[PDB]
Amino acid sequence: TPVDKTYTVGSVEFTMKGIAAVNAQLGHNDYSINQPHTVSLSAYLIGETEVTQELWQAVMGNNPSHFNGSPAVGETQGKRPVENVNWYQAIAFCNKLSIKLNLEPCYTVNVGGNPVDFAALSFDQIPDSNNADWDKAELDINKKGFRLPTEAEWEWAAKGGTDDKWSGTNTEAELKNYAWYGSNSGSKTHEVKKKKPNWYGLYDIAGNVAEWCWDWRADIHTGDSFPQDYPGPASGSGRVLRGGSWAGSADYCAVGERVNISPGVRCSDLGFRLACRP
């Protein structure tokens, strides 16, 4: 298992949690579009928490979050997850974070044939609608920088070494102890790391905000096989997001429940969690 790592951007600290190489047993018979399948995964790290508003702002110099004020009693505003960021804006953050921390960026984007310099890139230059150039973003998974997890990486980490329906529990009854979801959120996001973690030490895998993943969505059917470190299909209409949110039913927060939307779309219940490799 890779050693956990804590990084600092200005005054903001964040932790990446080690996940051992594994033949990940993913999906479930009860999900027609996420049938049981195996993906061999290389060792990786995944964010202990969602990317918070203060981490987002430390890198990006703005805060587009819908819930940018009025935190719940006893909660710190800046430690709520960032949300209202689209998939393009998330990958741009990942590259800018890598650059700030002197790691090689995982992502390349060419705009009209010109490679995007992610250091120079201003926020307003990132698309807020479906954009063909950014849809062709290239992932080099062997660079040491930060990135979105693949869907397989996300689900394996979410499962936390167990076979439970949710991250940390197998009943909706106990879900309140692990997740901020439709029933207990009060219609808002919460400070990260306020509920129980899973056995891999990840917080808010279920609930709070859904989390952008790298992959285009394609249905995963009975008997399907996948290559090592599968990053999803080459094309699709929606990028995957996982884990459910403050707005979702308990079932929406299940570890195996697959959701996807146009990458240009952003909402108040959708943020992201980082991944990288040692």
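Residue numbers run from 1 along the displayed sequence.
J.: Quick check on the record: does 236 to 244 or 206 to 214 carry the larger mean Cα temperature factor?
T.: Result of the comparison: 236 to 244.
J.: Once you work out the mean C-alpha B-factor for both 84 to 92 and 133 to 141 from the entry, which is higher?
T.: Higher mean C-alpha B-factor in the PDB entry: 133 to 141.
J.: By the entry's C-alpha temperature factors, tell me which of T49, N63, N29, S42 sits highest.
T.: Checking the PDB record, the top C-alpha B-factor among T49, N63, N29, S42 is at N29.
J.: For the listed residues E174, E153, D163, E191, which one has the largest C-alpha B-factor as given in the deposited model?
T.: By C-alpha B-factor in the record, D163 ranks first.
J.: Test of reading the entry: by CA B factor among the chain's modelled residues, which third contains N260?
T.: Ranked within chain, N260 CA B lands in the middle tercile.
J.: Compared with the other modelled residues in the chain, in which third is the CA B-factor of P197?
T.: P197: CA B-factor falls in the middle third of its chain.
J.: Among the chain's modelled residues, which third holds the C-alpha B-factor of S70?
T.: Ranked within chain, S70 CA B lands in the highest tercile.
J.: Tell me, lowest, middle or highest third: where does the Cα B factor of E54 rank within its chain?
T.: It falls in the bottom third of the chain.
J.: Grab the CA temperature factor for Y107 from the record and place it in the lowest, middle or highest third of its chain.
T.: Within its chain, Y107 is a middle-third residue by C-alpha B-factor, going by the deposited values.
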